[PDB]
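Undergrad: Below you'll find final10.cif; it's mmCIF, C-alpha atoms and all ligand atoms.
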```cif
data_structure
#
loop_
_atom_site.label_atom_id
_atom_site.label_comp_id
_atom_site.auth_asym_id
_atom_site.auth_seq_id
_atom_site.Cartn_x
_atom_site.Cartn_y
_atom_site.Cartn_z
CA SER B 1 1.05 -21.89 23.83
CA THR B 2 -0.50 -21.58 20.36
CA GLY B 3 -3.75 -20.47 18.82
CA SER B 4 -5.47 -21.19 15.51
CA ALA B 5 -8.60 -19.46 14.20
CA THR B 6 -10.46 -19.55 10.90
CA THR B 7 -10.84 -16.28 9.03
CA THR B 8 -13.83 -15.90 6.67
CA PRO B 9 -14.53 -13.40 3.83
CA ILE B 10 -17.23 -10.84 4.69
CA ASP B 11 -18.69 -11.05 1.10
CA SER B 12 -18.31 -12.61 -2.34
CA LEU B 13 -15.49 -10.20 -3.28
CA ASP B 14 -13.19 -10.90 -0.26
CA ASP B 15 -13.41 -7.20 0.73
CA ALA B 16 -12.21 -8.17 4.19
CA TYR B 17 -11.96 -11.16 6.45
CA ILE B 18 -13.45 -11.69 9.90
CA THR B 19 -12.13 -13.91 12.66
CA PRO B 20 -14.08 -14.82 15.83
CA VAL B 21 -12.53 -13.47 19.06
CA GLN B 22 -13.66 -14.25 22.60
CA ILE B 23 -13.70 -11.21 24.92
CA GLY B 24 -14.61 -11.23 28.59
CA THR B 25 -16.07 -13.67 31.10
CA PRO B 26 -18.37 -15.30 30.19
CA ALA B 27 -17.05 -15.04 26.64
CA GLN B 28 -18.57 -12.52 24.26
CA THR B 29 -17.66 -13.59 20.72
CA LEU B 30 -17.12 -10.75 18.25
CA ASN B 31 -16.01 -11.09 14.65
CA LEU B 32 -12.97 -8.86 14.18
CA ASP B 33 -10.95 -7.75 11.19
CA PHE B 34 -7.33 -8.81 11.88
CA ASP B 35 -5.28 -5.89 10.58
CA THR B 36 -1.50 -6.14 10.24
CA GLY B 37 -1.52 -2.44 9.25
CA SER B 38 -2.74 -1.05 12.59
CA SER B 39 -2.21 -1.61 16.30
CA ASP B 40 -5.51 -1.05 18.10
CA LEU B 41 -7.96 -3.76 19.18
CA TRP B 42 -11.24 -1.86 19.10
CA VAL B 43 -14.82 -3.08 19.21
CA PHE B 44 -18.37 -1.97 18.77
CA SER B 45 -19.72 -1.81 22.28
CA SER B 46 -22.58 -0.90 24.63
CA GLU B 47 -20.97 2.60 24.57
CA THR B 48 -21.16 3.06 20.76
CA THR B 49 -23.55 5.89 19.67
CA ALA B 50 -26.77 3.95 18.92
CA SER B 51 -27.29 5.62 15.46
CA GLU B 52 -23.80 4.31 14.46
CA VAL B 53 -24.58 0.65 15.19
CA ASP B 54 -26.39 -1.26 12.39
CA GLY B 55 -26.28 -5.02 12.93
CA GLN B 56 -22.84 -5.42 14.59
CA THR B 57 -22.44 -7.57 17.70
CA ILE B 58 -21.35 -5.38 20.62
CA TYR B 59 -19.04 -5.92 23.56
CA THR B 60 -20.74 -5.03 26.89
CA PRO B 61 -18.04 -4.65 29.53
CA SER B 62 -20.61 -4.46 32.36
CA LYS B 63 -21.51 -8.13 31.58
CA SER B 64 -17.87 -9.30 31.87
CA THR B 65 -16.63 -10.22 35.34
CA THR B 66 -13.01 -9.71 34.17
CA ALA B 67 -13.52 -6.29 32.52
CA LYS B 68 -11.75 -3.30 34.20
CA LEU B 69 -12.01 0.34 33.03
CA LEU B 70 -8.51 1.52 32.12
CA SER B 71 -9.15 4.78 33.96
CA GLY B 72 -8.42 7.96 31.97
CA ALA B 73 -7.36 6.15 28.80
CA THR B 74 -8.87 7.21 25.46
CA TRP B 75 -8.16 6.30 21.87
CA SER B 76 -8.81 7.77 18.46
CA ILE B 77 -7.75 6.36 15.14
CA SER B 78 -8.07 7.38 11.51
CA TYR B 79 -7.44 4.98 8.64
CA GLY B 80 -5.99 5.59 5.13
CA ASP B 81 -9.54 5.32 3.59
CA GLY B 82 -10.92 8.26 5.66
CA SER B 83 -12.63 6.03 8.27
CA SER B 84 -12.22 6.58 12.00
CA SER B 85 -13.34 5.50 15.43
CA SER B 86 -12.65 6.56 19.01
CA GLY B 87 -13.61 5.85 22.56
CA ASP B 88 -12.40 4.65 25.94
CA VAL B 89 -10.57 1.52 27.10
CA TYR B 90 -11.15 -1.56 29.22
CA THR B 91 -8.78 -4.36 30.04
CA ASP B 92 -10.24 -7.85 29.70
CA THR B 93 -9.38 -11.44 28.81
CA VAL B 94 -9.16 -11.97 25.04
CA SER B 95 -8.85 -15.35 23.34
CA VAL B 96 -8.14 -16.12 19.70
CA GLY B 97 -8.33 -19.68 18.52
CA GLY B 98 -7.64 -21.06 22.01
CA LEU B 99 -4.79 -18.61 22.83
CA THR B 100 -5.69 -16.42 25.82
CA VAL B 101 -4.25 -13.07 26.90
CA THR B 102 -5.27 -11.59 30.22
CA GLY B 103 -5.22 -7.83 30.71
CA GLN B 104 -5.57 -7.04 26.98
CA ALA B 105 -6.57 -3.47 26.19
CA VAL B 106 -9.99 -3.62 24.54
CA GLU B 107 -10.75 -0.21 23.03
CA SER B 108 -14.52 0.40 23.28
CA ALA B 109 -15.88 2.62 20.50
CA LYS B 110 -18.04 5.59 21.41
CA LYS B 111 -17.95 6.84 17.78
CA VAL B 112 -17.33 5.10 14.47
CA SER B 113 -17.38 6.54 10.93
CA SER B 114 -20.10 5.75 8.36
CA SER B 115 -17.90 3.05 6.71
CA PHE B 116 -18.02 0.93 9.95
CA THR B 117 -21.74 1.43 10.78
CA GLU B 118 -22.55 0.30 7.18
CA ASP B 119 -20.56 -2.94 7.54
CA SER B 120 -22.77 -5.12 9.84
CA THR B 121 -20.27 -8.01 9.35
CA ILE B 122 -17.29 -6.35 11.15
CA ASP B 123 -17.60 -5.99 14.93
CA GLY B 124 -14.20 -4.27 15.26
CA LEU B 125 -10.52 -4.56 14.41
CA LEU B 126 -7.66 -6.47 15.96
CA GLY B 127 -4.41 -4.72 15.14
CA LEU B 128 -1.27 -6.75 14.49
CA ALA B 129 1.20 -4.06 13.44
CA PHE B 130 3.85 -2.92 15.96
CA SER B 131 2.64 -1.55 19.30
CA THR B 132 4.37 1.79 18.61
CA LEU B 133 1.31 2.66 16.44
CA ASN B 134 -1.24 2.01 19.20
CA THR B 135 -3.33 5.16 19.73
CA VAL B 136 -4.26 4.78 23.44
CA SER B 137 -3.42 7.90 25.47
CA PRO B 138 -1.89 8.71 27.84
CA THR B 139 -0.47 5.19 28.26
CA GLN B 140 0.12 3.39 24.93
CA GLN B 141 -1.09 -0.22 24.93
CA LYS B 142 0.25 -3.45 23.46
CA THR B 143 -1.29 -5.49 20.68
CA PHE B 144 -2.72 -8.95 21.31
CA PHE B 145 0.37 -10.42 19.61
CA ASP B 146 2.81 -8.41 21.70
CA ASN B 147 0.99 -9.46 24.89
CA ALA B 148 0.89 -13.12 23.77
CA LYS B 149 4.47 -13.28 22.45
CA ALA B 150 6.36 -14.41 25.55
CA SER B 151 3.84 -17.31 26.08
CA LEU B 152 3.92 -18.54 22.48
CA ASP B 153 5.92 -21.58 21.45
CA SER B 154 7.56 -19.37 18.72
CA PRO B 155 7.15 -15.54 18.50
CA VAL B 156 5.24 -15.67 15.21
CA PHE B 157 1.84 -15.52 13.66
CA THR B 158 0.86 -16.58 10.16
CA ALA B 159 -1.78 -15.39 7.72
CA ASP B 160 -3.25 -17.87 5.28
CA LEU B 161 -6.07 -15.99 3.57
CA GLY B 162 -8.38 -17.76 1.15
CA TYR B 163 -9.54 -16.69 -2.31
CA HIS B 164 -13.31 -16.66 -2.07
CA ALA B 165 -12.92 -19.15 0.81
CA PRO B 166 -12.03 -19.29 4.51
CA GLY B 167 -8.42 -19.30 5.68
CA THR B 168 -6.48 -19.36 8.90
CA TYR B 169 -4.60 -17.19 11.38
CA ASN B 170 -2.18 -19.18 13.53
CA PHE B 171 -0.25 -17.86 16.52
CA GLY B 172 2.93 -19.44 17.90
CA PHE B 173 3.67 -22.04 15.25
CA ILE B 174 4.22 -22.48 11.50
CA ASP B 175 1.93 -25.17 9.97
CA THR B 176 4.32 -26.89 7.56
CA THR B 177 1.28 -28.59 5.87
CA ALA B 178 -0.25 -25.21 4.86
CA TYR B 179 2.24 -24.26 2.08
CA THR B 180 4.23 -25.76 -0.79
CA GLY B 181 7.98 -25.50 -1.28
CA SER B 182 9.99 -23.40 1.18
CA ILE B 183 9.35 -20.12 3.02
CA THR B 184 11.48 -17.21 1.87
CA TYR B 185 12.19 -14.74 4.64
CA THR B 186 12.91 -11.06 4.03
CA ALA B 187 13.95 -8.18 6.25
CA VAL B 188 11.46 -5.92 7.97
CA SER B 189 11.82 -2.29 8.96
CA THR B 190 9.75 -1.29 12.01
CA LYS B 191 10.62 2.43 11.62
CA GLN B 192 7.04 3.37 10.60
CA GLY B 193 5.42 0.75 12.90
CA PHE B 194 4.42 -1.50 9.99
CA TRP B 195 5.53 -4.88 8.65
CA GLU B 196 7.52 -2.97 6.00
CA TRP B 197 9.66 -4.92 3.57
CA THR B 198 11.17 -4.60 0.07
CA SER B 199 9.94 -6.70 -2.83
CA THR B 200 12.55 -7.55 -5.45
CA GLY B 201 10.35 -6.85 -8.48
CA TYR B 202 7.40 -7.92 -10.52
CA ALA B 203 6.12 -9.52 -13.70
CA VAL B 204 2.82 -9.10 -15.56
CA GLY B 205 1.31 -12.33 -16.84
CA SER B 206 3.86 -14.43 -18.76
CA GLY B 207 6.13 -11.35 -19.19
CA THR B 208 9.72 -10.98 -18.12
CA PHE B 209 10.42 -10.30 -14.48
CA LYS B 210 11.51 -6.70 -13.78
CA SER B 211 14.11 -6.54 -10.98
CA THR B 212 13.31 -3.40 -9.01
CA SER B 213 13.04 -2.61 -5.28
CA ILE B 214 9.46 -1.93 -4.11
CA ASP B 215 9.20 -0.94 -0.46
CA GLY B 216 5.76 -1.63 1.01
CA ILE B 217 3.82 -3.03 3.91
CA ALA B 218 2.15 -6.39 4.44
CA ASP B 219 -1.37 -5.35 5.39
CA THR B 220 -4.14 -7.84 6.00
CA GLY B 221 -6.61 -5.00 6.70
CA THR B 222 -6.33 -3.49 3.20
CA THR B 223 -8.34 -5.20 0.45
CA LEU B 224 -6.28 -4.38 -2.63
CA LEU B 225 -2.68 -4.30 -3.86
CA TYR B 226 -1.42 -0.68 -4.07
CA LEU B 227 1.81 -0.26 -6.05
CA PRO B 228 3.69 2.53 -7.82
CA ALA B 229 1.94 4.10 -10.80
CA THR B 230 4.60 2.77 -13.20
CA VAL B 231 3.96 -0.84 -12.11
CA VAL B 232 0.20 -0.48 -12.11
CA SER B 233 0.17 1.12 -15.59
CA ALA B 234 2.33 -1.74 -16.91
CA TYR B 235 -0.22 -4.24 -15.53
CA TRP B 236 -3.39 -2.62 -16.85
CA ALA B 237 -1.79 -1.93 -20.25
CA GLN B 238 -2.11 -5.71 -20.79
CA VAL B 239 -5.94 -5.59 -20.40
CA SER B 240 -7.86 -4.35 -23.47
CA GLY B 241 -10.11 -1.43 -22.52
CA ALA B 242 -8.70 -0.95 -18.98
CA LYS B 243 -8.34 2.65 -17.89
CA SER B 244 -7.94 4.78 -14.81
CA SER B 245 -11.24 6.49 -14.00
CA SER B 246 -11.09 9.59 -11.69
CA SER B 247 -14.95 9.35 -11.39
CA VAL B 248 -14.78 5.74 -10.05
CA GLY B 249 -11.49 6.25 -8.15
CA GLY B 250 -9.05 3.89 -9.87
CA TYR B 251 -8.48 1.43 -12.66
CA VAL B 252 -11.52 -0.25 -14.16
CA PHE B 253 -11.64 -2.86 -16.87
CA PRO B 254 -14.27 -4.52 -19.05
CA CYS B 255 -16.04 -7.25 -17.18
CA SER B 256 -15.62 -9.39 -20.34
CA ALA B 257 -11.81 -9.42 -19.86
CA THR B 258 -9.62 -12.28 -18.74
CA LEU B 259 -7.03 -10.74 -16.39
CA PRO B 260 -3.34 -11.65 -16.47
CA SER B 261 -1.57 -12.81 -13.35
CA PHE B 262 0.78 -10.57 -11.39
CA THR B 263 4.03 -11.88 -9.87
CA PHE B 264 5.93 -10.17 -7.08
CA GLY B 265 9.42 -11.00 -5.84
CA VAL B 266 10.43 -12.04 -2.32
CA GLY B 267 14.20 -12.22 -2.45
CA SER B 268 14.93 -14.78 -5.23
CA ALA B 269 11.43 -16.31 -4.80
CA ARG B 270 8.26 -15.36 -6.67
CA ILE B 271 4.62 -15.23 -5.57
CA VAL B 272 2.08 -15.42 -8.39
CA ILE B 273 -1.29 -13.70 -7.95
CA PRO B 274 -3.74 -15.36 -10.40
CA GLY B 275 -5.67 -12.95 -12.59
CA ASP B 276 -8.99 -13.92 -11.02
CA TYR B 277 -7.75 -12.54 -7.69
CA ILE B 278 -7.50 -9.07 -9.31
CA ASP B 279 -11.24 -8.99 -10.25
CA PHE B 280 -13.36 -6.99 -7.85
CA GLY B 281 -16.48 -7.18 -10.02
CA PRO B 282 -18.90 -4.57 -11.32
CA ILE B 283 -18.38 -1.03 -10.12
CA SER B 284 -22.14 -0.82 -9.47
CA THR B 285 -24.70 -3.51 -9.64
CA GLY B 286 -25.26 -4.60 -13.27
CA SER B 287 -22.38 -2.54 -14.71
CA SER B 288 -20.10 -4.00 -17.37
CA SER B 289 -17.19 -2.00 -15.92
CA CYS B 290 -15.29 -3.94 -13.27
CA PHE B 291 -13.02 -2.61 -10.53
CA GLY B 292 -9.38 -3.65 -10.51
CA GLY B 293 -7.59 -5.25 -7.61
CA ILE B 294 -4.24 -3.62 -8.40
CA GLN B 295 -4.34 0.17 -7.92
CA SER B 296 -1.85 3.00 -7.72
CA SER B 297 -0.34 3.94 -4.38
CA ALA B 298 0.48 7.44 -5.75
CA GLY B 299 -2.14 9.13 -3.46
CA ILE B 300 -1.14 7.11 -0.30
CA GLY B 301 2.60 7.72 0.47
CA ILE B 302 3.23 3.91 0.82
CA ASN B 303 2.88 0.77 -1.22
CA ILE B 304 0.48 -1.75 0.35
CA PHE B 305 0.60 -5.52 -0.15
CA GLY B 306 -3.03 -6.00 0.88
CA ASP B 307 -5.21 -9.05 0.71
CA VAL B 308 -5.01 -9.41 -3.11
CA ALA B 309 -1.31 -10.13 -2.70
CA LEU B 310 -1.29 -11.84 0.70
CA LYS B 311 -4.05 -14.36 -0.15
CA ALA B 312 -1.74 -15.77 -2.90
CA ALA B 313 0.78 -16.77 -0.19
CA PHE B 314 1.30 -18.35 3.21
CA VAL B 315 2.71 -15.37 5.14
CA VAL B 316 4.81 -15.55 8.31
CA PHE B 317 4.94 -12.51 10.57
CA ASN B 318 8.07 -13.27 12.61
CA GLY B 319 8.10 -11.12 15.75
CA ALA B 320 11.53 -12.23 17.02
CA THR B 321 13.88 -9.53 18.35
CA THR B 322 14.83 -8.87 14.69
CA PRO B 323 11.46 -9.16 12.90
CA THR B 324 11.16 -10.69 9.46
CA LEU B 325 8.43 -11.65 6.98
CA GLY B 326 8.22 -15.01 5.28
CA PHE B 327 6.34 -15.89 2.11
CA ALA B 328 5.59 -19.31 0.66
CA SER B 329 3.44 -20.40 -2.26
CA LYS B 330 0.46 -22.60 -1.39
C1 LIG B 401 -12.86 -2.75 7.27
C2 LIG B 401 -11.95 -1.55 7.34
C3 LIG B 401 -10.62 -1.71 7.73
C4 LIG B 401 -9.75 -0.63 7.86
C5 LIG B 401 -8.31 -0.78 8.24
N1 LIG B 401 -7.43 -0.86 7.06
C6 LIG B 401 -7.42 0.41 6.29
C7 LIG B 401 -6.46 0.33 5.11
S1 LIG B 401 -6.52 1.71 4.09
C8 LIG B 401 -5.24 1.45 2.95
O1 LIG B 401 -7.77 1.72 3.40
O2 LIG B 401 -6.20 2.87 4.87
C9 LIG B 401 -10.25 0.64 7.61
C10 LIG B 401 -11.56 0.83 7.23
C11 LIG B 401 -12.38 -0.26 7.09
BR1 LIG B 401 -14.19 0.07 6.59
#
```
Would you mind giving the structure from this file in C-alpha cells?
TA:
Amino acid sequence: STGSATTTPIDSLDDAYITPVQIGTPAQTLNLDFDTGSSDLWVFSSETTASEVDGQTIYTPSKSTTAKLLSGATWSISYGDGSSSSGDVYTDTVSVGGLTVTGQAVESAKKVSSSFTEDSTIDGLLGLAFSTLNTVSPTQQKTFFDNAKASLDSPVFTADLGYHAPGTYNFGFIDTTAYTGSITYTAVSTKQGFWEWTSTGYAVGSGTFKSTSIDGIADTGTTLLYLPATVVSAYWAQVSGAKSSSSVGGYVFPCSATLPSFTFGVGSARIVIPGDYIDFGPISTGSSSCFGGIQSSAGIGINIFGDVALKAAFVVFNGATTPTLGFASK
C-alpha cells in the first residue's frame, strides 16, 4: 500500500503545515500537523475543555462506529516551546492520503495549552518520530507510520514541504519526479527517539564550506532551523544590523536586508536554503525589525533541522530495520 497527501502552510510565513487526516467511520477529517519530532497522534475532540477550543475542528468518538475507548490509557505531552496537551485514548481507523490503519491510537485532548487554542488552523498533531517517545500510559502506543509500515510497499515516508506553497507527504514510496539529482542517505541514531543525524558542515552565502559535525534532528513540527551559537553568529554576522535580542527572543534583522543563503552538508552533498526562506517577517505588525529563521539551539540541548531547512529538500525518512535519512535537492 501507499498514501499521498498534500500539506499546506497555516499562514503566509510557513509557521507550520497542516495535512488532512480521516479519522473514524464515517470519516471525520481533521487537519493535523505532521511532526517528525514527536510520537503522539492527538486531536482536539468533543472532550476538550470548551474554553480551550477556538475554531478547531474536533473529533467526536461517539459519532464513529469504529471508535473504541482504550480503557485506562491516558497521555500527557509537553513540547520544547512550553506547550502541552493531555487526555485519554481511543482506537479508531485513520487514513492519510488513501493509506488506512485500523486500530490506531487517537489521543483525545481534554486539555491543551494556550498556544494550541490560539491556533484555529491546527486540529492536532500526528507524530512521526519513533514510537519509543509515545506518551500513552500504561501501554505505550505506536505511531501511524509504525502501524502502517508492514503494509507499505517500502518502509518509508517522505516530506516535501513547500516554501510559501503546498507540498506533499508520501508513505510507502519515493516519488522520483519530486527531486533533482540523487538522494544522499545518512545514518540515523534512534537513541533519543528522534530522526537524529549528523550534518557534515555549513556555508554562509557564497562563503567557503566549513567541514564540521553537527548532530541534530529532522523535525517537521519545528518552524525554524536551530543550530549551535557559533554557526548562527557566523550567519547573522553577514547581515548588516542583525543582532540577537533577548527582549524578542532571538536574532532579528532589518526588514530592508537581503539575506544570504545557508548551506548544510549531507555527507558529500549540500542542501542550499535560499535567503528568502530565512525571513520570518516583522516581529510585530508594522515593525521594521524582522525575525530570523536561523536561531541558536544553545537553550534547547539539541540542534533542530526544522521546516526552514527541510523545505529546501526532498527528505526521505527510511524506517527500515536500520533507519536512515535521505536528502535531495528539488
Ligand atoms: C504547532 C505546534 C507544534 C509543536 C510540536 N513541535 C514543537 C517543536 S519545539 C522545538 O518548539 O519544541 C508544538 C507546539 C505547537 Br503550537
Undergrad: Ligand LIG 401 (chain B): which residues are within 10 Å, counting all atoms listed in the file? Reply as an mmCIF file with C-alpha atoms, in the frame of the given file.
TA:
```cif
data_model
loop_
_atom_site.group_PDB
_atom_site.id
_atom_site.type_symbol
_atom_site.label_atom_id
_atom_site.label_comp_id
_atom_site.auth_asym_id
_atom_site.auth_seq_id
_atom_site.Cartn_x
_atom_site.Cartn_y
_atom_site.Cartn_z
ATOM 1 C CA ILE B 10 -17.230 -10.840 4.690
ATOM 2 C CA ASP B 15 -13.410 -7.200 0.730
ATOM 3 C CA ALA B 16 -12.210 -8.170 4.190
ATOM 4 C CA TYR B 17 -11.960 -11.160 6.450
ATOM 5 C CA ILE B 18 -13.450 -11.690 9.900
ATOM 6 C CA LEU B 32 -12.970 -8.860 14.180
ATOM 7 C CA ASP B 33 -10.950 -7.750 11.190
ATOM 8 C CA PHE B 34 -7.330 -8.810 11.880
ATOM 9 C CA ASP B 35 -5.280 -5.890 10.580
ATOM 10 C CA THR B 36 -1.500 -6.140 10.240
ATOM 11 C CA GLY B 37 -1.520 -2.440 9.250
ATOM 12 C CA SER B 38 -2.740 -1.050 12.590
ATOM 13 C CA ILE B 77 -7.750 6.360 15.140
ATOM 14 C CA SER B 78 -8.070 7.380 11.510
ATOM 15 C CA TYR B 79 -7.440 4.980 8.640
ATOM 16 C CA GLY B 80 -5.990 5.590 5.130
ATOM 17 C CA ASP B 81 -9.540 5.320 3.590
ATOM 18 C CA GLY B 82 -10.920 8.260 5.660
ATOM 19 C CA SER B 83 -12.630 6.030 8.270
ATOM 20 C CA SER B 84 -12.220 6.580 12.000
ATOM 21 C CA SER B 85 -13.340 5.500 15.430
ATOM 22 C CA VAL B 112 -17.330 5.100 14.470
ATOM 23 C CA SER B 113 -17.380 6.540 10.930
ATOM 24 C CA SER B 114 -20.100 5.750 8.360
ATOM 25 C CA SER B 115 -17.900 3.050 6.710
ATOM 26 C CA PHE B 116 -18.020 0.930 9.950
ATOM 27 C CA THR B 117 -21.740 1.430 10.780
ATOM 28 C CA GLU B 118 -22.550 0.300 7.180
ATOM 29 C CA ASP B 119 -20.560 -2.940 7.540
ATOM 30 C CA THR B 121 -20.270 -8.010 9.350
ATOM 31 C CA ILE B 122 -17.290 -6.350 11.150
ATOM 32 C CA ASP B 123 -17.600 -5.990 14.930
ATOM 33 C CA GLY B 124 -14.200 -4.270 15.260
ATOM 34 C CA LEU B 125 -10.520 -4.560 14.410
ATOM 35 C CA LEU B 126 -7.660 -6.470 15.960
ATOM 36 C CA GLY B 127 -4.410 -4.720 15.140
ATOM 37 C CA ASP B 219 -1.370 -5.350 5.390
ATOM 38 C CA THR B 220 -4.140 -7.840 6.000
ATOM 39 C CA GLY B 221 -6.610 -5.000 6.700
ATOM 40 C CA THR B 222 -6.330 -3.490 3.200
ATOM 41 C CA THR B 223 -8.340 -5.200 0.450
ATOM 42 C CA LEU B 224 -6.280 -4.380 -2.630
ATOM 43 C CA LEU B 225 -2.680 -4.300 -3.860
ATOM 44 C CA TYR B 226 -1.420 -0.680 -4.070
ATOM 45 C CA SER B 297 -0.340 3.940 -4.380
ATOM 46 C CA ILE B 300 -1.140 7.110 -0.300
ATOM 47 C CA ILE B 302 3.230 3.910 0.820
ATOM 48 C CA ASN B 303 2.880 0.770 -1.220
ATOM 49 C CA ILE B 304 0.480 -1.750 0.350
ATOM 50 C CA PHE B 305 0.600 -5.520 -0.150
ATOM 51 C CA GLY B 306 -3.030 -6.000 0.880
#
```
Undergrad: Taking only C-alpha atoms into account, which of B:134, B:321, B:140, B:95 comes nearest residue B:19?
TA: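 The closest residue to residue B:19 is B:95.
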Undergrad: Mind listing whatever residues come within 10 Å of the point (-1.0, 6.5, 28.7)? Use all atoms listed in the file, file coordinates, and give them as a ChimeraX atom specification.
TA: /B:70-75,135-141
Undergrad: Counting all atoms listed in the file, which residue out of B:60, B:39, B:268, B:52 sits closest to residue B:105?
TA: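 Residue with the minimum atom-to-atom distance to residue B:105: B:39.
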Undergrad: Anything within 6 Å of (-14.8, -14.1, 25.3): list those residues as a PyMOL selection string, counting only C-alpha atoms and sticking to the file's coordinates.
TA: chain B and resi 22-25+27-29
Undergrad: Here is a test: counting only C-alpha atoms, which residue of B:298, B:273, B:21, B:106 is nearest to residue B:312?
TA: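 Among the listed residues, the smallest separation from residue B:312 belongs to B:273.
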Undergrad: What gap, in Å, lies between atom CA of residue B:53 and atom CA of residue B:69?
TA: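 Straight-line distance from atom CA of residue B:53 to atom CA of residue B:69 works out to 21.8 Å.
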Undergrad: If I take atom CA of residue B:307 and atom CA of residue B:227, how far is one from the other in Å, to one decimal?
TA: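 Atom-to-atom, atom CA of residue B:307 and atom CA of residue B:227 are spaced 13.1 Å apart.
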Undergrad: Please determine, counting all atoms listed in the file, which residue among B:165, B:322, B:267, B:294 has the shortest atom-to-atom distance to residue B:280.
TA: B:294
Undergrad: Would you work out the distance separating atom CA of residue B:90 from atom CA of residue B:195, expressed in Å to one decimal?
TA: 26.7 Å
